[PDB]
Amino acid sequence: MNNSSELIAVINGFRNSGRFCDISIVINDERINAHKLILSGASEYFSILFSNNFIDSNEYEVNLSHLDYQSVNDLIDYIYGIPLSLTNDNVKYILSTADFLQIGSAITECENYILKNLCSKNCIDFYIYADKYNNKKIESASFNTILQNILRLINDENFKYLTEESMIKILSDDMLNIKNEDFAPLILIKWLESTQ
């Protein structure tokens, strides 16, 4: 039998109790107590951090104030025996933090959720996100989902946030789902009306 799931539950029980905790994560004013070994196993950032090769290797406190608290907290819960409660609103921020901390187990679960739930109302927001965080995997997928719902998205609320360079990339050549071969200038008019 496999007792890996039973063992992690006792370790998570020790984490809540404060037992064996040899590391603390500080995000502005919030504190999360965990174990050096557990964080190093799932996240490669902590593995390279506690490698005894740098000045920051032998410390009790780690400052990660530039990252979202609820994102970091849920990611530590994911490292432990708690499954990730993925929702369309938080997945955007959980992926960014997982990409920085380089956790393979969480980066895949977030990407798979985004690709699966890539709707017409979502794709418009996920493209600008992947264009900022250099995620070419989601950047290409959100672009394809925008192109197949182009005439539905020109009237959408999030259409104003799309950059000038992004508009050129969309109209550039082909694959844009337009039945009439004269919709392209009308799409440009709607963008110039929404952005002003």
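Numbers follow the displayed sequence, beginning with 1.
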> For the C-alpha atoms alone, is the average B factor greater in 107 to 115 or in 84 to 92, going by the entry?
Replying inline: 84 to 92
> With respect to the recorded C-alpha B factors, which stretch has the higher mean value, 34 to 42 or 165 to 173?
Replying inline: 165 to 173
> Should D29 be placed in the lowest, middle or highest third of its chain by the C-alpha B factor in the entry?
Replying inline: highest
> Taking the entry's C-alpha B-factors for this chain, is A9 in the lowest, middle or highest third?
Replying inline: middle
>> Using only modelled residues of the chain, where does the Cα B factor of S17 rank: lowest third, middle third or highest third?
In response: middle
> Sorting the chain's CA B-factors, does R152 end up in the lowest, middle or highest third?
Replying inline: highest
> Against its chain's modelled residues, does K137's Cα B factor rank lowest, middle or highest third?
Replying inline: lowest
